[PDB]
Structure formats: structure tokens, C-alpha cells
Amino acid sequence: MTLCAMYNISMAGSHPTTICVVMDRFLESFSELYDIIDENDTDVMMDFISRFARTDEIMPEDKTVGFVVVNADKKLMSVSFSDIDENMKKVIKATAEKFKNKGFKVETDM
């Protein structure tokens, strides 16, 4: 009965990074992403992907709550996840929208 999410992040020429984060830590991950994404620290990335994503033990029962495509090189932002509060959409959407400042490419799953 576990719901995990797939957070894809690819900093400016840093290759695609698959960050697995529980649906519960989805909002948090995104909140911190909008911050780090606006930085120039390629080293802190590891500490971020590790601190957030454990990837130590995975199971089949674990379902996919949603995925988020984030690419700095092309400046693309896409969020597709379900099983979340209605009011939460406001915050999540706002954050994903702010990316427009450095990436007009913004898409969200209704």
C-alpha cells in the first residue's frame, strides 16, 4: 500500500537524475527543488538526491503516485501526480508555475 513518485531532474548539462520520493514527500521535494534548481551548485546535488531519495530498498508493491519531469538544459517543467488534497494543488501548482520565470514550459496534470 505504498505510493512512491518519480522525480526527474536534469540540471544544466548534468544528465537526467531519477529521484524516487514518496507521495508524502512529493510536495516537500518539489518545494526544495524550486530552490536548488535556482542555484549553481552541482556538488550539493548529490547530497540533495541522497538526503531526499534513499533508493536503498525498493519493492514491487510500491505503486507510482506520479512523475515530475524537470530539465534545466531545455528548461522544461512537467508535473503529473494524483492522490493529493484539493487545496494542496494550489501550492504545488504555484511552485511549478514560478518555474515560468526560467522556463515557460510548464505543464500540470489536472
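In this document, residue positions are counted from 1 along each chain in sequence order, independent of how the entry numbers them, and residues without coordinates are left out. Side-chain metrics in this entry use all non-hydrogen atoms of the structure; hydrogen atoms and water are not considered.

Its PDB header names solution NMR as the technique used to obtain the model.

(A) Quick peek at empty space enclosed by the protein. Two kinds of site are reported from a 1 Å grid over the protein atoms alone, namely cavities, where a 1.4 Å probe fits but cannot get out, and pockets, open sets with protein on both sides within 12 Å along at least five of seven lines, and residues are called lining when an atom falls within 4 Å of a point. Grid points are joined across faces, edges and corners, and a volume is the space filled by probe spheres set on the points. For the structure on display, the rule yields one cavity of 30 Å³ or more. Along its surface, the largest cavity is lined by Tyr7, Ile19, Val21, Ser29, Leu33, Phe48 and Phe52. Helix and strand definitions follow DSSP, with helices as H or I runs of at least four residues and strands as E runs of at least two, each counted in order from the N terminus. For the lining of the largest cavity, the secondary-structure elements that each account for two or more residues are β2 (17-22), α1 (26-36) and α2 (44-52). Residue polarity follows a fixed list, in which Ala, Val, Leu, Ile, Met, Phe, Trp, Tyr, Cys and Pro are nonpolar, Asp, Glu, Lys and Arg are charged, and the others, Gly among them, are polar. Of the residues that constitute the lining of the largest cavity, the class distribution is six nonpolar, one polar and no charged.

(B) View of the side chain of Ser78. Relative to the helices and strands, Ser78 resides in strand β4 (residues 76-81). Residue contacts are counted whenever heavy atoms from the two residues lie within 4.5 Å of one another. Apart from residues no more than four positions distant in its own chain, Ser78 is found in contact with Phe67, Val68, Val69 and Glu107.

(C) Representation of the packing of aromatic side chains in the model. Two rings from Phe, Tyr or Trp (for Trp, the six-membered ring) form a pair when their centres sit within 6.5 Å of each other. Planes less than 30 degrees apart are called stacked, planes more than 60 degrees apart edge-to-face, and all others tilted. Taken as a whole and judged by the stated rule, the model has seven aromatic pairs. Taken together, the ring pairs connect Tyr7, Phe26, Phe30, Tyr34, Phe81 and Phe99 into an aromatic cluster.

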